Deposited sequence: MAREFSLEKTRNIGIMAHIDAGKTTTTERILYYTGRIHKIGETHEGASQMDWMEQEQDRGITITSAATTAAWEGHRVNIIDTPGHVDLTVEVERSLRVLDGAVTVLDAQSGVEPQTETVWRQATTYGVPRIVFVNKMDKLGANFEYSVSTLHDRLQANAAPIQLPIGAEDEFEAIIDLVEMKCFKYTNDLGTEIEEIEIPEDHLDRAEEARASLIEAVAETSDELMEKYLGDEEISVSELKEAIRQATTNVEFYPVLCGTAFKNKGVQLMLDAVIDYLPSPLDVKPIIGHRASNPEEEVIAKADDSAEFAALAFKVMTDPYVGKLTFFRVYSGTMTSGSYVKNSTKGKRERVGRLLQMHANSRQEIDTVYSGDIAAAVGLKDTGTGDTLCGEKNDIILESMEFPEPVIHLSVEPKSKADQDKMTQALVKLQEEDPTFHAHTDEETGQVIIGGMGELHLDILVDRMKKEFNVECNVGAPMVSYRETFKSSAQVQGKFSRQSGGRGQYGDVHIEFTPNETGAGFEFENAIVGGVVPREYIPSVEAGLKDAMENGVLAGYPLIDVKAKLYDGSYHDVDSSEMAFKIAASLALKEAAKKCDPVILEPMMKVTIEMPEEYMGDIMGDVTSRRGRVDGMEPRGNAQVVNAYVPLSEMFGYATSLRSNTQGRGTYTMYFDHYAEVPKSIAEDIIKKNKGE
């Protein structure tokens, strides 16, 4: 069958900030496990998949995806500075997705190394239940041994190469300090297992395997966070954690099955468990193109099985695709295979229609796993003919990697989720694709809509004639049409040519020139000729009709509204709320957690420029926040007037 069984598999990722030594921890984890999107490796008779995590946490869709791709996680905090904001954001969404973790405190060998400290942070900052399963002997230059509390054994480190590690027994000076530590460890665990509670409050005997059995159950349930220690560059405690990943971190079966809807039914719950008996289900988390093997599509299989030389269903594209050969990228080597069993990760060579976020599924099946309008845009203008060719190419590729943006080539215009999003796409084109170009200022995408109703006609004399009713749709509902023609006063053939005529006229906008949205239209009447009426001549009617309505239905400009979630000490609230209110925002709801207050607001994206610099300035590096597009709202009179005058 397979090589490693499900129970023998570990899907992990490493969340940390380099200042905590992210490179050096992974670099070394690759070595020890090796005998890049996802690197297939192994430790102690266990398949270990190390999945890459986004270079920046502000990418919510990336970060969210990699999270459903990985079952487990390991964290790296600096022993000196303890937990930090960057990882704080990501620790919480991990919890929302139910990702079991074990904390690894690194750089114990450096000035200001404090273990007890970093442990506290998880408590005071994160409200997390965590206790060390190990204790350090020494700190800074002194870091020498490590006490494993579960086995109650000590390991001495004689070299920076991680070789010749002589096991010993705990020196008495640390025996008592260790005694308590394990006792405090069992308590923190005992909370959720009351069968354990008896053993402990009855002064019963706690064995090793028995205790280890206890911890894993609390950790896979995300109710506990074992804490470890070491130093990556110097090869200390590294082999210990890897062991720990095996004993504690989850397998594919030890977590909660992934969920998605159906191709037929957009809302239905579909559980995909890990089963070889069941039908194939899988998700593609990254794509890249190699100079030799061609297009490379990384993915993960949640259910069933798969083989090369066969067909599958891309249910996101509604298309059939044939699988070429299959590659696993090991530490130093690439390995070709046939079957990918449930719960594992490989890369598919040669695929046509499958991009990032696309859902590969069995044939007889339906289910889709994963599931976008730009609020911001830029203008980029290459220097000379030479490059302008390349850009137009690169653009073509990128939607495959990140279909969160779009291109309008009318000089180019790109738009997407946020000021950071774009700042990548450009900085990709500039470096990866080597394009000389000049980028303009970031700009929000406004819109237009109707606050009133009316019935209008427009008529084109070639001849076409139409009567349409115009009512504003509710915000967010989009555009809707109705064909009210009865006796065929408007011949059927020409009907769709109206609806087409309507939009193209709406796109350009009637007021400041922005797209017109949230408007309902009904075609109730018209007339024609047989040598004149066209599919062409009408469109101009729909055009003339929309323009008649524009003098009537009282158009206005919309701006995108963001939902900002802030976190800081309750001291400064005097400021922030003064800061929001000057941004044309308002405060809806609030709540504390731990010692900090969680503010929840609504702000115009056009007033959100230069924020972080205004947070870190008022709260002194203390503040934090996120942001989302939420809804569209109407611009105030005096502001709208400037948008009208500015665009001539």
Completion exercise
Gaps relative to the deposited sequence fall at 1, 37 to 64, 401 to 403, 443 to 446, 498 to 504, 692 to 693
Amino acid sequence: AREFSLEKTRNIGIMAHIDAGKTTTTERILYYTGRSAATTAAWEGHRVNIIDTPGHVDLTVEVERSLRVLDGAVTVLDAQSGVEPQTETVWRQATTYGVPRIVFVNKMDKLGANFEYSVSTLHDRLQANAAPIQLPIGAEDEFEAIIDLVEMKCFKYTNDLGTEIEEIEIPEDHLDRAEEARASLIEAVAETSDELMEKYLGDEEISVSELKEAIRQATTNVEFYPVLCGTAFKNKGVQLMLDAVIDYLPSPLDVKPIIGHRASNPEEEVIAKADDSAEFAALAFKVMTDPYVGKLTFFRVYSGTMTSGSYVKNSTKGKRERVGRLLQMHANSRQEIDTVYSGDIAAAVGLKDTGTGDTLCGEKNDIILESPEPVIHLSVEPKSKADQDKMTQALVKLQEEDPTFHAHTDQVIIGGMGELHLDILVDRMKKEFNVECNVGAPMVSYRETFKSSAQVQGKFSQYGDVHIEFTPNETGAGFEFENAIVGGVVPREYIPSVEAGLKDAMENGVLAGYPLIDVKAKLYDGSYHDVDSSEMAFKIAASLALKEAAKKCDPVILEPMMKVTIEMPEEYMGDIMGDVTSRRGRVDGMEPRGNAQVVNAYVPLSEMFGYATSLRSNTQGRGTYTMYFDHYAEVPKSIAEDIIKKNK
From here on, numbers count along this sequence of modelled residues.
Handout entry: Mean temperature factor over C-alpha atoms, higher-scoring stretch between 411 to 419 and 531 to 539
Key = 531 to 539
Completion exercise
Ranked by mean Cα B-factor in the entry, 124 to 132 and 397 to 405, top stretch is 397 to 405
Practice task
Return the residue from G230, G509, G487, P560 that has the highest Cα B-factor in the entry.
Solution key: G487
Practice task
Between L523, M577, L240, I137, let me know which has the highest C-alpha B-factor in the entry?
Solution key: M577
Completion exercise
By the entry's values, the third containing the CA B factor of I18 is the highest
Practice task
Select lowest, middle or highest to describe the third in which the CA B-factor of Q462 falls within its chain in this entry.
Solution key: highest
Exercise for the section: Comparing against every modelled residue in the chain, figure out the third that the C-alpha B-factor of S617 lands in (lowest, middle or highest). Expected result: middle
Practice task
Comparing against every modelled residue in the chain, figure out the third that the C-alpha B-factor of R47 lands in (lowest, middle or highest).
Solution key: middle
Problem - Modelled-residue ranking by C-alpha temperature factor, third containing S379 - result: lowest
